[PDB]
Structure formats: C-alpha cells, structure tokens
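Encoded as structure tokens, the following chain is the form solved without the partner chain, with no partner shown.
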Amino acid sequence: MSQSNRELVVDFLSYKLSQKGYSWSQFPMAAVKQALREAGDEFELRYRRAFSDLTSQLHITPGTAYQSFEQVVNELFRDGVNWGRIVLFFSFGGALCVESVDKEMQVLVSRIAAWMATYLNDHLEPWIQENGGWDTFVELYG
C-alpha cells in the first residue's frame, strides 16, 4: 500500500544511514523489512560503489524535481522490473541519502524517502503484485 511502501522505504533508508554512521532523525511487514535490509547489504557487499554514475547524473540539490529523480531511476529498469532491480532501487535511494548528508543537504533525505514511495507505488508495485507480492520477495530473500 501507499502507507506500507512508505514505511518500507523509511525503514530501509533509516537502516542504511544507521549502519553507515549517520543520523536517521530526519524521518508480515517485519519480515519484508528484514529481508530487504539483508538484500541491500548482500548487494552492497559485491558492489561498493555501483551508483557513482547514476547519482552523478542526478547531482541532487534542494532544487531537484521528482521528474529528474524518476528519469534517472528509470535507468535501472531499462529492461523492466525484477526483484534484484528493486533491491538496486532501494540501495540507490540509500546512496542518495548518504550523499545528501555528506553534502550538508540532510533536508533532502525525507524528500528522497517521499520520491521513493511515489516511484515504488507508481512504477514497481504493478510488477510486484503481478509476481506474488512482497510475500514472494520474502520467500526469495527472507
């Protein structure tokens, strides 16, 4: 749901910020969150800086509009959606939040969280629901 997904995004972002020494104060569900957290770490374990070019293409500032974020994220889905690419999506948002804080734009993290929820509900849920819903995600990554 719009609320379920919003909560999922905030949890993942908060988890990543915490894990990396940053503040998260700027902000079965438990089974999905845990699975996503682990999926994100697993991926980052293999690719330490896989979104350098992507975040660079966006060069986010308080003046960045959603449409720009959307256009860049669309890059991850050039061949459509799959679970791994959804994990990349979450990981990408986490990296954007980290970068925002490093640039003293911590005000943007809640905004990125909002953009992610919107993008999730709009472009990824259609595929997620068609392929088993989050229960399938848990079944594959849990």
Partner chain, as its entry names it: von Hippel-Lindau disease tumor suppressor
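Residue numbers count along the first chain shown, from 1.
The deposited sequence places 10 or more unmodelled residues between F27 and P28. Taking only CA atoms, the mean B-factor in the PDB entry is higher for 1-9 than for the other of 1-9 and 132-140. For the two regions 40-48 and 88-96, the entry's Cα B-factors average higher over 40-48. Residue-level inspection of the entry shows that, of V81, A35, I112, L54, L54 has the top Cα B-factor. Annotation for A117: C-alpha temperature factor in the lowest third relative to the rest of the modelled chain, per the entry.
Annotation for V101: C-alpha temperature factor in the lowest third relative to the rest of the modelled chain, per the entry.
The following text describes the form deposited with the partner chain bound, which does not appear among the structures shown.
Contact check for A50: a heavy atom falls within 4.5 Å of the partner chain in the entry with it bound. None of the heavy atoms of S110 is located within 4.5 Å of the partner chain in the entry with it bound. Although the partner is absent from this view, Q34 stays clear of the partner chain in the entry with it bound, with no non-hydrogen atom inside 4.5 angstroms. Taking the partner chain as it sits in the entry with it bound, the stretch 18-45 never comes within 4.5 angstroms of it through any non-hydrogen atom.
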